[PDB]
Amino acid sequence: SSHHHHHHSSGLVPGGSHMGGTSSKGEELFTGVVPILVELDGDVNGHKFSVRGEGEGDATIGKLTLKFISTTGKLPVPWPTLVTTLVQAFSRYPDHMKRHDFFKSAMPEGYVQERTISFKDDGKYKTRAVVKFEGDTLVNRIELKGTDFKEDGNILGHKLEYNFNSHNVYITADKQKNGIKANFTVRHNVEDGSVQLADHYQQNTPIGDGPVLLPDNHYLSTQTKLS
């Protein structure tokens, strides 16, 4: 099938005023609209699937639009469970907070984004992605491995509503890895009125050896519209 979404991300830093307006060289690559290419190969409980996306991002307004297809037919999992896996470099940091934007600072060489997503009372996704520039395009190439899912659960049972909630991504520095970590819980509405929780554990590590911006503790506030 196909899937489109519009995603907005804004950076909010409680403290962190010192040199808060200092920006990275990588931010220069994001002053206008940037084409995006997304490629995901996944395997959930042994069910293989491939998703491909084309889109554009505009970090000056913190917004991207992505259009996806499956090249392997109907997915074994709901599209909403893949939203967070399918480029936080398009977040909008306020001018006085740009020192806290790790994601653009790692560009153009990029970063590795790794997650474990644990669905409460159900299975887990392991994801590893490379986010980097190829020519003028920002590419997100992902491998996803899901295990331990219940055949009758909300994910393999396709019991999730086709919408998306707004979340708070908590970003902290990981100085030993010259990168960041993040923690947040995604709320997937279920067709019975309940909510399916998905605990996100995230690590971002620069691919290059140049300096990056290691931020103070802060949040990304997210909003996503599905169609």
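Parameters and conventions
Residues numbered from 1 in each chain as written, not as in the entry; some residues may be left out. Heavy atoms only, no water. Residues with missing side-chain atoms left out of burial classes, pairs and counts. UniProt positions renumbered as here; feature names shortened; annotations may be inferred. Helix = DSSP H or I, 4+ residues; strand = E, 2+ residues; numbered from the N terminus. Pairing = 2+ DSSP bridges. Axes fitted to C-alpha atoms, helices over the stretch in contact; angles between N-to-C directions.

Per the deposited record, determination of this structure is attributed to X-ray crystallography, with the resolution reported as 1.73 Å.

If you look the chain up in the PDB entry, it shows as Green fluorescent protein from Aequorea victoria. Among the UniProt annotations of the chain, the heading Function holds the following wording: "Energy-transfer acceptor. Its role is to transduce the blue chemiluminescence of the protein aequorin into green fluorescent light by energy transfer. Fluoresces in vivo upon receiving energy from the Ca(2+)-activated photoprotein aequorin." In UniProt, the chain has this text filed under Sequence similarities: "Belongs to the GFP family."

In this structure, the amide linkage connecting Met107 to the following residue, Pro108, adopts the cis form with an omega of 5°. Relative to the helices and strands, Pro108 resides in the loop between α1 (102–105) and β5 (111–119). If you check the backbone angles, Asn45 has positive phi at about 50° while not being a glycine. Following the sequence through the fold, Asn45 ends up in the loop between β2 (34–44) and β3 (47–58).

What follows covers the sheet that holds strand β10 (residues 195–206). Strand order in the closed barrel formed by eleven strands is β1-β4-β3-β2-β7-β6-β5-β10-β9-β8-β11, and the pairing between neighbours is mixed. Each neighbouring strand pair of the sheet contributes to a mean axis angle of 20°, computed without reference to strand direction. As paired elements, strand β8 (residues 168–174) and strand β11 (residues 218–226) share four bridges and run antiparallel to each other. Note that in β11 the partner of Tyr170 across the bridge is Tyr219.

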